[PDB]
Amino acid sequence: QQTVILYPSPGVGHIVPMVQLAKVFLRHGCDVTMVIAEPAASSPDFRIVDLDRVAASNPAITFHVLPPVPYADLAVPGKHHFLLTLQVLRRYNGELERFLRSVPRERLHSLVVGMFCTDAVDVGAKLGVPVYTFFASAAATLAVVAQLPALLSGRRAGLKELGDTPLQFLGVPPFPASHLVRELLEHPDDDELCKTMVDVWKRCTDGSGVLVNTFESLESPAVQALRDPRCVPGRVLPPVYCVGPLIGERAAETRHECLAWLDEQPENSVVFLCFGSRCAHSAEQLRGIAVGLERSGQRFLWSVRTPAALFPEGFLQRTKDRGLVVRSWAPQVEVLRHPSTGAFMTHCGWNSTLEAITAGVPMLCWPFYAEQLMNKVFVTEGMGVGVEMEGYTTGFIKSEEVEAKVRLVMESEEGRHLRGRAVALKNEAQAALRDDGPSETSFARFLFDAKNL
């Protein structure tokens, strides 16, 4: 009876899909231990998932928190929190190796690492254990990451010099250079975060294979590119397996309020607004959204974080028969699949994008950071299941644009065709997940390959 070791990167978007991956391993007769490397206590992702609650919810998974590593020396004023996180994660590889040596060797099936824990491949390599990266982003994003070394090698300036000039990667929709992850727009030699982030992320292909949280029919060109010898000249990439979509007190009350209210709304009527595990609009922006939402006349369910006075006077009273505003953390997956939900105003994180795709809900795209601006292009231009919200790169989206785009998705003929394409993709997501469907077949091919290694 073998044990898979799951070793996620920090953050809701890395841990939540890994828990779902764990359930797949369990369904296939593996034991699971999920090894948790906590970031620095100053990380916005520090204990953002309540692991005590997660363990209680999944008693068949063994959860193991690694002993802490020193980092105060690195925690200098002004350091980008993600640079500190990348450095801290490299420092955990000693504790990870001590833990892995504590497990009877013959019982180890594989090591599956998050996409910012890739240096742990050296630990599995040394122990003779197959290592896989769990890539929690799109397959197109993986295809970009694989091709970024070649793009950056000849350069004497950062990609910021290109402005909105399109970047072209094999298998990937063109997207403006400015929409690349922002930190990668600096010259690698000029910015430690750029160099470190590229050096870490690029190693997702240095193991035995990659488990991607996507379904092949959503991203067929990107999956083809990853198997194409030109993708990374002079290199054969390991196997890529599309195994998704893998979708997973005060919050308990909020969830109850949300779903009971949605149950009383007409089908496809509600605009849901929810912006990631940690994005927050300014107070001024929240007011602007509220005015556009009210003006649109549509029903809405709006998850609001306190900025990091919110609404016009009387906004809540006037909208009480068509809208519900809740605080801070909403049951997003259950809202998205609710038949009353008709649109999703999103920050375009990949889990959120997959959740909406799998539910058949068209998107109003408001990307903030990470690869969210890339996801926005993939959703609006590649997939065609969302719309842009003008001003998203400028620091303020006007109430006129909020109303215009809510009405476009919810009332216009263009919106109806958009919804129809979203429903088609939902159907494909469901096909991917059916018994003996593509994502089970892919997971089975991964299990065969890992056993044979």
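Numbers follow the displayed sequence, beginning with 1.
A chain break between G248 and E249 is present, corresponding to 10 or more residues of the deposited sequence without coordinates.
Per the record, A308 and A309 are separated by 10 or more deposited residues that have no coordinates.
Between 407-415 and 385-393, it is 407-415 that carries the larger average Cα temperature factor according to the deposited entry. When the C-alpha B-factors of 108-116 and 369-377 are averaged, 108-116 comes out higher.
As recorded in the PDB entry, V232 shows the highest C-alpha B-factor of the residues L301, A225, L89, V232.
Taking only the listed residues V361, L84, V123, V270, the entry reports the highest CA temperature factor at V123. Ranked within its chain, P331 lands in the lowest third, by CA B factor from the PDB record. Sorting the modelled residues of the chain by their CA temperature factor places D73 in the highest third.
For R53, the recorded CA B-factor ranks within the highest third of the chain. Only modelled residues enter the ranking. Ranked within its chain, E97 lands in the highest third, by CA B factor from the PDB record. When all modelled residues of the chain are sorted by CA temperature factor, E216 is found within the lowest third.
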